[PDB]
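First up is the structure itself, then whatever we jot down about it.
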Protein chains: 2
Amino acid sequence: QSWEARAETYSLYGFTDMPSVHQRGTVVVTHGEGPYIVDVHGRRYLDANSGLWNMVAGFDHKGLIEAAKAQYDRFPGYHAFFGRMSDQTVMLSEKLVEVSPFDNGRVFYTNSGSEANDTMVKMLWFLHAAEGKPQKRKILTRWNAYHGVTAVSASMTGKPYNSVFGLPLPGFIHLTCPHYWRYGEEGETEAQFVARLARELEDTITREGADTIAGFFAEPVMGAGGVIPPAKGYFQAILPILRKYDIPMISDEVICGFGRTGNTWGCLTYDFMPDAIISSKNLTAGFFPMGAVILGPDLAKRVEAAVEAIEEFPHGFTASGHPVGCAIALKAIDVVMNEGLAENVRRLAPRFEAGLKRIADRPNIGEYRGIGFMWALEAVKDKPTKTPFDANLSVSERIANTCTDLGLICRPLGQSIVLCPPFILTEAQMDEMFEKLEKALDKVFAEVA
Amino acid sequence: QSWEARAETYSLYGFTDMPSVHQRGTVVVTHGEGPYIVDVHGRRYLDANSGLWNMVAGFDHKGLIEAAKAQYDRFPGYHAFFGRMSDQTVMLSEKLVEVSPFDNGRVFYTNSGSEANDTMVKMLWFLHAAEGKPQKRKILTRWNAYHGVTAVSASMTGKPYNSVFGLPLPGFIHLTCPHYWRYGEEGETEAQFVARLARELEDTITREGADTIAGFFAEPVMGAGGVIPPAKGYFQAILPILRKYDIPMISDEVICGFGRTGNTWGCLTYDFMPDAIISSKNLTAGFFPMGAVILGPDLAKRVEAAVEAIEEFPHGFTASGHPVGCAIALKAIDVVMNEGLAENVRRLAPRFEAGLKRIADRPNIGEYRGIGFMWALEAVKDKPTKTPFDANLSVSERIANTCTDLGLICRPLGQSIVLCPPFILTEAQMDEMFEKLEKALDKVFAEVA
Ligand SMILES: [NH3+]CCCCC(=O)O
Ligand code: NA
Ligand code: NA
C-alpha cells in the first residue's frame, strides 16, 4: 500500500484536477522548511502559493510552533457560549479591534472564512428585519469574486462552476468585475470604466430597490478570482453610492488582511472605510482554523441593540473563539507586524514587480498585475486580441504540473498564473521562483504553439 | 479594566443570554483538570457538559496534549487541494473508513459540523443534478433537530429561533420529532406513534414528489434539541421508506460519533445503516476544529463518478484536512476506542440511569431520558398532565445558574436539564454531579413549585 494508493482509495478530493492526480499520484507532504515543503519520497518544493495564501510565516516558524505548544500546555480546548470564554479569546478581540481601522467595535468568531461570510449575511438579515425591513435581504458581490464554499458564500462567489450545485441561490447579484484590462471597452479609459461601474451599481439599486438590498461585499484585491487589483478610484466611486442608499459595505480581508497588499488591510491600501471586516487565513498563518467578523462602530451599535431586543444571538460554531486558535492569532499578528514579515513585503514588492514585467514580455502573456506579495500573469493564445487558449489544451494544468516537476508549487486559477509566496521569502528564493516559473512557461508554450 | 469588562467591550456573544451575562460575571476560563475547569479568579467547576459535548477526554489529557504538540513540531499546517495533502490526512481518511460502519468508502474534510452538513447538502444537489434530476433538491429533517448554523444548516435545524433570520430557506421540511412523551396523542401507543410518523413521511414524499427530495438527515439521538432518543422502532420504519423512494439517508453523528451512546456510532446503537455519516466534535476530543463527511459504498462510487465527469469537485475549505487536526483526530480516536474511554461509558451507563431514575421521582421532573453518557431531565408543573411551568419563571435558567453557583456546569434547554459529561468521569465524580444537582433542584423547586 503506497501513499499514492492509500490517498486514492479513501479520499474525496476537493479542488483537485482528477486526471492529473490519477496520472501523477497524490503528492503526500510530511513537513517543510521556510517556504519549502518536502514529500514522502524526499522530493522538495518551493511553495510559491503559501500553501493556500495563508502560510505567510513558512512551514516551520519556530516562534509560532512554540506559541501553539504553550497554549496546548495551558488550556487545549473550549467554547464561547453561555457566558463563558477563554482569557485568550478576550485578548484577541481586544487586539483585533485595535489593529483594525475602526476606533471601536465587536468581534464574532468562526472556523473558516466561508463561515464568516455566511455569518455576516445572517447578521445582515437579522439586523434589517429587526430594524423593520424583513425584505432587505439581497446580497451584492462581483463577478470573479470569491467569498467561500457554503451554499450562501458560494452564491456570493462569481464563478461558472457553482452551476453544478444549482447556485447561486435567489438573492445574490453579481456586478461587473473591476478588471479594466478584461472588461474595459473599445477606446474606454480607466476613469470612464470606473464611472460605468458606479453607474451600473446605481442602476442595480434602482432595479431592485434599496429596501431589498442587505449588503455589498468586496475583496479589496480579488484573490482566488486570479489576483485582480481594482481599477483606480473604484472604491472611491463605489462607497458613496452605498452610503446614499443605506447598504452596508463589507470588506472581505480574508487574503488582504495583515500584509499581502503592502498594508495591514486592503482597505488601507485602497483608502476606503468599510462598515465591517471579514478576516481569516493569515490570521493564524495557517497554524489553526480561525475566522473573524469585525463590526465597525455603527454596525456594532446596531447589532448589539437588535440583540438585546430579543435576548440572544442564536448563532455560533462549536469551536468558535478557541483558546488555542486565539493564542496563535495573537502570535501571528505579532510576528507579521512586529517581527518584520509585513515590512519584508513592502521592501521586496519592487523587485517582484520587476520579475513579472520581465516575464510578461513574451507572446503568450497578456499582462501582469497585482501588488505587494500577490501577483498574476495572464496566459493568452493571441496577445493583441486577448484571446485565451482552448479549454482542451488544459494550459492551466500543464503549467501547474510542469512547475511541480521543476520543484515549484505554483497554482494557476484559470489561465491566471498566480504567485503568492510566504512573507519570509528571501531575494534568493524569489529568484528561484522566477527562474523555475520561466522554464515551465518556455516548456509549456512550446508544447502548445 | 477587569476580565468581565474587557469581555463585554470587544465581544459579540453567540448562544448567550444577555440579561444574565450582563447580570452575573462573564466567566473567563484559564485552564482545566480532568473534568473540572478553573476561571480567572480561581473557582473550580465540574463541567457535566464536556465543554460543549466535545471534551470527552477532559481538559488536560496528557496524550492528546503531546500528540497536538508533536505535530506542531513536525508540520504545523497545510491544505488538501490541487493534488496535495499531508501524511496525517491520508492516515485519517484510512482510519475513518475502518472505524466507520461502512466496509469501504470516502472521506471529505471540513472544520465544523455545520460546514459538513452544508457540504453534504451541496454534494446531494451536485449528485442528483449529475444523474439527471436537477430538481431533486428538498431536504427532510425533524422538528427539534439541530444541524448547525450556516444558512443551509440552520434551515435544517428545527427550532423557532431561526425565524429572526427569515429562515428556513425554501426546500427545507421538518417532520414530527420522534419524541413519544411530548408528541404522542391521547391514548395512542408508542408502536402507533411510530406507525403514524412513518405514514407522515410517506405522505410528505407522495405530496412533494420523490424526484424533488434530495436527502433525509437525522441525529440518531437528538442532542441540542434536548437529548431525545427516538421512539422505539422509528429508524426501523423510516429506512425502508427512504430506500423505496431513492432518498439518501444521512446520519448526523456529530454528537453521537465515538462513544456517547454506548457504541462507536449512534446508528449502531439504533441498528440502522445510513448512506453517509457526518462526524465532528468528539473526533478531536475538542482539541482542534474538524468536521468530516464519510460516504458509504454507494454514494462514494456515485459522487466519484460525477466528479470524474466534470474532472474537478469545486468545493473545499482552506483548512480542510489540516495536518495538526488530523494528527490530533488520529490520537483521539485511539484514546476513546483503545484506552478505556468508550468502554467506561458502557461501564457506568446503568449507574447513570439509576441516578436519574431516582431524581425523576419528584413531582416536578416529568420524565428522564437518554442513553450512555447523554441524559435529560424534563421539569414540569403538573406530572399527571405534563404541563410545563410558565415560561416567565425561567425555571431552567435558574437550575443552570444555581448549579454554577454550586460548582457544576449544567446546560438548560427549554424546560429540560441536559447532562453529557466527559468520558473520563469517575464514580465519585458522577456522585458529585448528582449531589450538586439535587441541591440545585431542591432550591429551585422549593421556590418555583
Ligand atoms: N481558497 C480556495 C481557492 C480555490 C481555488 C479555485 O477556485 O480553484
Ligand atoms: Na482600531
Ligand atoms: Na469500517
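In the C-alpha cells, chains take letters A, B, ... by order of appearance, with residues numbered from 1 within each chain and ligands from 1 in the order shown.
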
Would you name the residues within 10 Å of ligand 1, counting only C-alpha atoms and all ligand atoms, and put them as a VMD selection string?
(chain A and resid 14 to 17 52 to 54 113 to 114 144 to 149 157 159 161 223 to 226 254 to 255 281 411 to 414) or (chain B and resid 79 81 to 82 312 to 319)

Kindly export the residues of the current selection with C-alpha atoms, as a tab-separated table (two decimals), in the first residue's frame.
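And here's result.tsv as it stands now:
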```tsv
chain	number	residue	atom	x	y	z
A	14	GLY	CA	-11.64	18.93	-3.26
A	15	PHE	CA	-10.47	21.42	-5.88
A	16	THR	CA	-8.24	18.76	-7.35
A	17	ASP	CA	-7.83	18.09	-11.07
A	52	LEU	CA	-3.06	28.35	0.37
A	53	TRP	CA	-2.33	32.11	0.74
A	54	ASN	CA	-2.14	31.55	4.47
A	113	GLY	CA	-13.63	32.46	6.03
A	114	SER	CA	-16.66	30.82	4.35
A	144	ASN	CA	-14.87	36.73	-10.26
A	145	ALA	CA	-15.39	37.34	-6.51
A	146	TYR	CA	-14.54	34.53	-4.15
A	147	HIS	CA	-16.19	34.52	-0.75
A	148	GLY	CA	-16.37	30.81	0.04
A	149	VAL	CA	-17.99	27.42	-0.35
A	157	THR	CA	-18.75	33.69	-5.38
A	159	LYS	CA	-17.65	31.73	-10.92
A	161	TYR	CA	-18.55	26.30	-11.61
A	223	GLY	CA	-7.65	36.67	-4.65
A	224	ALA	CA	-8.92	33.30	-5.89
A	225	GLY	CA	-10.55	35.07	-8.85
A	226	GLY	CA	-6.94	35.35	-10.10
A	254	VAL	CA	-9.52	37.05	4.18
A	255	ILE	CA	-6.45	37.35	1.88
A	281	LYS	CA	-6.19	32.70	6.64
A	411	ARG	CA	-1.18	27.10	-8.74
A	412	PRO	CA	-2.87	28.72	-11.78
A	413	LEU	CA	-6.51	29.60	-11.42
A	414	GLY	CA	-7.97	29.52	-14.90
B	79	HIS	CA	-4.20	22.05	2.96
B	81	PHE	CA	-6.21	20.65	-2.60
B	82	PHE	CA	-4.72	20.58	-6.08
B	312	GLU	CA	-12.82	18.57	-10.58
B	313	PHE	CA	-15.03	18.92	-7.50
B	314	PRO	CA	-15.29	22.70	-6.93
B	315	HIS	CA	-15.64	22.59	-3.15
B	316	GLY	CA	-13.45	22.77	-0.07
B	317	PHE	CA	-12.42	24.78	2.98
B	318	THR	CA	-8.93	26.30	3.27
B	319	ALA	CA	-8.14	24.33	6.46
```

10 Å shell around ligand 3 using only C-alpha atoms and all ligand atoms, listed as a PyMOL selection string
chain B and resi 94-105+296

Have a look at B:286, B:384, B:321, B:370 and name the one nearest to chain A; count only C-alpha atoms.
B:286

Which one is closest to residue 63 of chain A: B:51, B:209, B:76, B:257? Count only C-alpha atoms.
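Result for the nearest residue to residue 63 of chain A: B:76.
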
Please return as a ChimeraX atom specification: the residues of segment 207-427 of chain B that backbone DSSP assigns to strand (DSSP E).
/B:213-218,249-252,276-280,291-295,365-371,374-379,408-409,411-413,416-419

Gap from atom CA of residue 123 of chain A to atom CA of residue 169 of chain A - Å, one decimal:
17.8 Å

Among segment 138-224 of chain B, which residues does DSSP mark as helix (DSSP H, G or I) when it is run on the backbone? Keep the chain and numbering as in the structure and answer as a VMD selection string.
chain B and resid 151 to 156 160 to 165 180 to 183 190 to 208 210 to 212

Residues just named, written with N, CA, C and O atoms as a compact mmCIF listing (two decimals), in the first residue's frame:
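Once written, result38.txt looks like this:
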```txt
# COMPACT_ATOMS: atom_id res chain seq x y z
N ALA B 151 -26.50 29.18 6.76
CA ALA B 151 -27.89 29.36 6.31
C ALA B 151 -28.54 28.02 6.02
O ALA B 151 -29.67 27.78 6.43
N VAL B 152 -27.82 27.14 5.32
CA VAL B 152 -28.38 25.83 4.97
C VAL B 152 -28.56 24.96 6.22
O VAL B 152 -29.65 24.44 6.44
N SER B 153 -27.52 24.85 7.04
CA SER B 153 -27.59 24.01 8.23
C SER B 153 -28.57 24.53 9.27
O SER B 153 -29.13 23.73 10.03
N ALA B 154 -28.80 25.83 9.30
CA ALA B 154 -29.77 26.42 10.22
C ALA B 154 -31.20 26.18 9.72
O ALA B 154 -32.12 26.03 10.51
N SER B 155 -31.36 26.15 8.39
CA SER B 155 -32.64 25.81 7.77
C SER B 155 -33.02 24.36 8.07
O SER B 155 -34.17 24.05 8.26
N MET B 156 -32.02 23.49 8.13
CA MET B 156 -32.19 22.10 8.51
C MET B 156 -32.62 21.90 9.97
O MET B 156 -33.22 20.89 10.33
N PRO B 160 -37.59 27.32 16.67
CA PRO B 160 -38.30 28.53 16.26
C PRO B 160 -37.40 29.76 16.15
O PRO B 160 -37.77 30.71 15.45
N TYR B 161 -36.22 29.74 16.79
CA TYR B 161 -35.34 30.92 16.87
C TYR B 161 -34.75 31.39 15.54
O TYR B 161 -34.40 32.56 15.40
N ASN B 162 -34.67 30.48 14.57
CA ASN B 162 -34.17 30.83 13.24
C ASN B 162 -35.11 31.76 12.44
O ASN B 162 -34.77 32.20 11.34
N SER B 163 -36.29 32.06 12.99
CA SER B 163 -37.19 32.99 12.32
C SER B 163 -36.63 34.41 12.34
O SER B 163 -36.96 35.21 11.47
N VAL B 164 -35.76 34.71 13.31
CA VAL B 164 -35.10 36.03 13.36
C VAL B 164 -34.25 36.30 12.12
O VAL B 164 -33.92 37.44 11.82
N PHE B 165 -33.92 35.24 11.38
CA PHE B 165 -33.13 35.36 10.15
C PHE B 165 -33.96 35.24 8.87
O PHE B 165 -33.41 35.31 7.76
N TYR B 180 -41.91 10.47 21.81
CA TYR B 180 -43.20 9.91 22.21
C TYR B 180 -43.89 10.65 23.35
O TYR B 180 -45.07 11.00 23.23
N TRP B 181 -43.16 10.88 24.43
CA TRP B 181 -43.67 11.56 25.61
C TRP B 181 -44.29 12.91 25.33
O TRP B 181 -45.35 13.21 25.87
N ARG B 182 -43.65 13.73 24.49
CA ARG B 182 -44.22 15.03 24.08
C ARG B 182 -45.27 14.93 22.96
O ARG B 182 -46.36 15.46 23.12
N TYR B 183 -44.97 14.26 21.85
CA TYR B 183 -45.87 14.30 20.68
C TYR B 183 -46.82 13.12 20.46
O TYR B 183 -47.54 13.08 19.46
N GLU B 190 -46.90 3.79 21.81
CA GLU B 190 -45.62 4.06 21.16
C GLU B 190 -45.52 3.42 19.77
O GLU B 190 -45.04 4.05 18.84
N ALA B 191 -45.95 2.17 19.63
CA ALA B 191 -45.96 1.50 18.31
C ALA B 191 -46.82 2.25 17.30
O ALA B 191 -46.44 2.40 16.14
N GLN B 192 -47.99 2.72 17.74
CA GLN B 192 -48.87 3.52 16.89
C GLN B 192 -48.22 4.86 16.52
O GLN B 192 -48.36 5.32 15.39
N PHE B 193 -47.53 5.47 17.48
CA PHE B 193 -46.82 6.75 17.27
C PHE B 193 -45.91 6.62 16.06
O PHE B 193 -46.06 7.36 15.09
N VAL B 194 -45.00 5.65 16.13
CA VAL B 194 -44.05 5.35 15.06
C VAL B 194 -44.76 5.10 13.73
O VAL B 194 -44.36 5.63 12.70
N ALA B 195 -45.80 4.28 13.77
CA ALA B 195 -46.59 3.96 12.59
C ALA B 195 -47.10 5.24 11.94
O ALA B 195 -47.10 5.36 10.71
N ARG B 196 -47.51 6.20 12.77
CA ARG B 196 -48.05 7.47 12.29
C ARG B 196 -46.97 8.35 11.65
O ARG B 196 -47.22 8.97 10.60
N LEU B 197 -45.78 8.41 12.25
CA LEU B 197 -44.70 9.22 11.69
C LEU B 197 -44.22 8.59 10.38
O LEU B 197 -43.78 9.29 9.46
N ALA B 198 -44.30 7.26 10.31
CA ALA B 198 -43.97 6.55 9.09
C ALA B 198 -44.90 7.03 7.99
O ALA B 198 -44.45 7.44 6.93
N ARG B 199 -46.19 7.00 8.28
CA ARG B 199 -47.24 7.44 7.37
C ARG B 199 -47.01 8.89 6.95
O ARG B 199 -47.15 9.23 5.77
N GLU B 200 -46.66 9.73 7.92
CA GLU B 200 -46.39 11.16 7.68
C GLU B 200 -45.22 11.37 6.68
O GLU B 200 -45.31 12.20 5.76
N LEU B 201 -44.15 10.59 6.85
CA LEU B 201 -43.05 10.59 5.91
C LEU B 201 -43.51 10.23 4.49
O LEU B 201 -43.18 10.93 3.53
N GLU B 202 -44.26 9.14 4.37
CA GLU B 202 -44.70 8.69 3.05
C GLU B 202 -45.67 9.67 2.37
O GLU B 202 -45.57 9.91 1.15
N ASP B 203 -46.58 10.24 3.16
CA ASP B 203 -47.49 11.29 2.70
C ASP B 203 -46.72 12.50 2.22
O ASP B 203 -47.10 13.08 1.20
N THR B 204 -45.66 12.88 2.95
CA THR B 204 -44.84 14.03 2.58
C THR B 204 -44.11 13.75 1.26
O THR B 204 -44.06 14.62 0.39
N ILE B 205 -43.55 12.55 1.12
CA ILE B 205 -42.86 12.16 -0.12
C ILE B 205 -43.83 12.16 -1.32
O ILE B 205 -43.54 12.72 -2.38
N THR B 206 -45.00 11.55 -1.13
CA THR B 206 -46.01 11.44 -2.17
C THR B 206 -46.47 12.83 -2.62
O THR B 206 -46.70 13.06 -3.81
N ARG B 207 -46.56 13.74 -1.65
CA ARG B 207 -47.14 15.05 -1.86
C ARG B 207 -46.14 15.99 -2.55
O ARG B 207 -46.52 16.77 -3.41
N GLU B 208 -44.86 15.88 -2.20
CA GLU B 208 -43.81 16.70 -2.81
C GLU B 208 -43.31 16.10 -4.12
O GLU B 208 -42.90 16.83 -5.03
N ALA B 210 -41.12 12.31 -4.97
CA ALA B 210 -39.80 11.77 -4.64
C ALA B 210 -38.66 12.39 -5.45
O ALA B 210 -37.57 12.61 -4.91
N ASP B 211 -38.91 12.71 -6.72
CA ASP B 211 -37.89 13.34 -7.57
C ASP B 211 -37.43 14.74 -7.13
O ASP B 211 -36.49 15.30 -7.72
N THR B 212 -38.11 15.31 -6.14
CA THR B 212 -37.83 16.67 -5.70
C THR B 212 -37.13 16.65 -4.35
O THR B 212 -36.85 17.71 -3.78
```

Selected residue of minimal separation from chain B among A:178, A:259, A:158, A:25, counting only C-alpha atoms:
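The answer is A:25, which sits nearest to chain B.
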
Would you compute the distance between atom CA of residue 345 of chain A and atom CA of residue 423 of chain A? Give it in Å to one decimal.
6.0 Å

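Atom to atom, atom CA of residue 403 of chain B and atom CA of residue 362 of chain B stand 18.0 Å apart.
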
What's the 9 Å shell around residue 248 of chain A, counting only C-alpha atoms, without same-chain residues fewer than 5 positions away, as number ranges by chain?
A: 124, 214-217, 242-243, 274-276, 299

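Of the listed residues (B:168, B:251, B:270, B:12), B:12 comes nearest to residue 90 of chain A; the distances count only C-alpha atoms.
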
Quick one: of B:142, B:10, B:28, B:306, who's nearest to ligand 2, counting only C-alpha atoms and all ligand atoms?
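Comparing B:142, B:10, B:28, B:306 against ligand 2, the winner is B:10.
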
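Within 12 Å of residue 23 of chain B, once only C-alpha atoms are used and residues closer than 4 positions along the same chain are dropped, the contacting residues are residues 83 of chain A; 4, 8, 17, 18, 19, 27 and 401 of chain B.
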
Write the residues of the preceding selection, restricted to N, CA and C atoms, as an mmCIF file, in the first residue's frame.
```cif
data_model
loop_
_atom_site.group_PDB
_atom_site.id
_atom_site.type_symbol
_atom_site.label_atom_id
_atom_site.label_comp_id
_atom_site.auth_asym_id
_atom_site.auth_seq_id
_atom_site.Cartn_x
_atom_site.Cartn_y
_atom_site.Cartn_z
ATOM 1 N N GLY A 83 -22.028 32.508 28.238
ATOM 2 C CA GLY A 83 -21.437 33.482 29.158
ATOM 3 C C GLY A 83 -20.059 33.093 29.654
ATOM 4 N N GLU B 4 -14.138 40.609 33.232
ATOM 5 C CA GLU B 4 -15.564 40.680 32.914
ATOM 6 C C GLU B 4 -15.884 41.853 31.968
ATOM 7 N N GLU B 8 -17.148 42.107 27.872
ATOM 8 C CA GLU B 8 -18.319 42.858 27.388
ATOM 9 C C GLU B 8 -17.996 43.819 26.241
ATOM 10 N N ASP B 17 -27.429 34.134 26.830
ATOM 11 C CA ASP B 17 -28.424 35.007 27.459
ATOM 12 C C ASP B 17 -27.768 36.336 27.838
ATOM 13 N N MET B 18 -28.322 37.433 27.338
ATOM 14 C CA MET B 18 -27.777 38.757 27.634
ATOM 15 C C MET B 18 -28.234 39.343 28.991
ATOM 16 N N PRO B 19 -29.518 39.119 29.393
ATOM 17 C CA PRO B 19 -29.945 39.511 30.749
ATOM 18 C C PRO B 19 -29.160 38.914 31.932
ATOM 19 N N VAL B 27 -17.949 34.644 32.801
ATOM 20 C CA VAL B 27 -16.916 33.736 33.300
ATOM 21 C C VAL B 27 -15.822 33.544 32.251
ATOM 22 N N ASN B 401 -28.137 28.298 36.577
ATOM 23 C CA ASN B 401 -27.474 29.316 37.395
ATOM 24 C C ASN B 401 -27.086 28.865 38.806
#
```
